[PDB]
């Protein structure tokens, strides 16, 4: 007799996994029916923004931690603190503190106070390598703890780049990294960032940032350890990694089901190569599961969010279906130590969460438009048509104006 709308995003395997777990929820709560609105990851932001613009908000939905403050100011998210406190034996204290705290807001700052969402997951973005490829080539395996230097990384990528079937054409490459998701680690491990410590000034014109961005573009254009521009257009590097054509490619826990189904070679996880700091860097993603401020059924809505985030049965089903690592810290630690579950070094995921992972810069700002503008016009750098130095000088004032507006608009919306 109760109906909830649950809006979310995922790759195909994730959609299937969450749809299955929602059916489990419906079995446990036969009086609640959940109507699903699901999109691809790239389509999600536009569809959720449209729902919010029309004040027709789904009862339960994924959202970006960087939107928390804005969503609170516009009364989008219900304060679910009391519903969670009164809930049957769930203890958020077993859940990653870093995850829980992204969705707390005390009226002034994120990280403390009332709960406005529950963590879907934490998403450490690790580096994978193709072990089959290394062993066929006779190249010593990467170390599981000590990062390659950038020069060492290029050296091995060059050794992996070859014509394996002897037809005269390269058909295997060291890597093929997507700047949207992998530039951050090179920037951060080189002691740079998109914005300063105060999170109010754009710093992409830092020589350290420029060096990292130029090195990144140089993998394709100068060192030539990737498929060509045309080859990547023909078949993107994610697909080429699945087919066993690339030595290195990132791995997130959300990839594991897809990789189980499609990857036939052996692969394992390693630290990212490190720049001038000598310390590896990468990001830890997260999404929140929120409840509409306007929902007619707040108890049931929070029960669904809890079932996906913290309930041992709901969580076990998600982890079993290989679309995330456990939200419970103790369960995650035991998971990582189980050698029957691959990759062998899935401990690297926890090392990222605990030690060397960072947040996206937009998690700190009121909106992310300033950062989207950096990426919007980045491709000529990546394809060698414009230098990193020339681009960041051009982009910086456009980014700064947008960041300044985010800062101001925060002041005006929180009155």
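Numbering follows the first chain given and starts at 1.
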Fill in the blank from the handout: When mean C-alpha B-factors in the record are compared for 44-52 and 25-33, the larger belongs to 25-33
Handout entry: Stretch exceeding the other in mean C-alpha B-factor - 76-84, 246-254
Key = 76-84
Exercise for the section: Check the PDB entry and point out which of 221, 112, 172, 324 has the largest C-alpha temperature factor. Expected result: 112
Problem - Candidate set 108, 121, 268, 231 [ranked by C-alpha B-factor, highest] - result: 108
Handout entry: Assigned third (lowest, middle, highest) for the C-alpha B factor of residue 146
Key = highest
Practice task
Would you check the entry's CA temperature factor for residue 178 and let me know if it's in the chain's lowest, middle or highest third?
Solution key: lowest
Completion exercise
Here the Cα B-factor of residue 302, set against its chain, lands in the third termed highest
Exercise for the section: Using the B-factors in the PDB entry, rank residue 13's C-alpha atom against the chain and give the third, lowest, middle or highest. Expected result: highest
Exercise for the section: Could you tell me which third, lowest, middle or highest, the C-alpha B-factor of residue 405 occupies within its chain? Expected result: middle
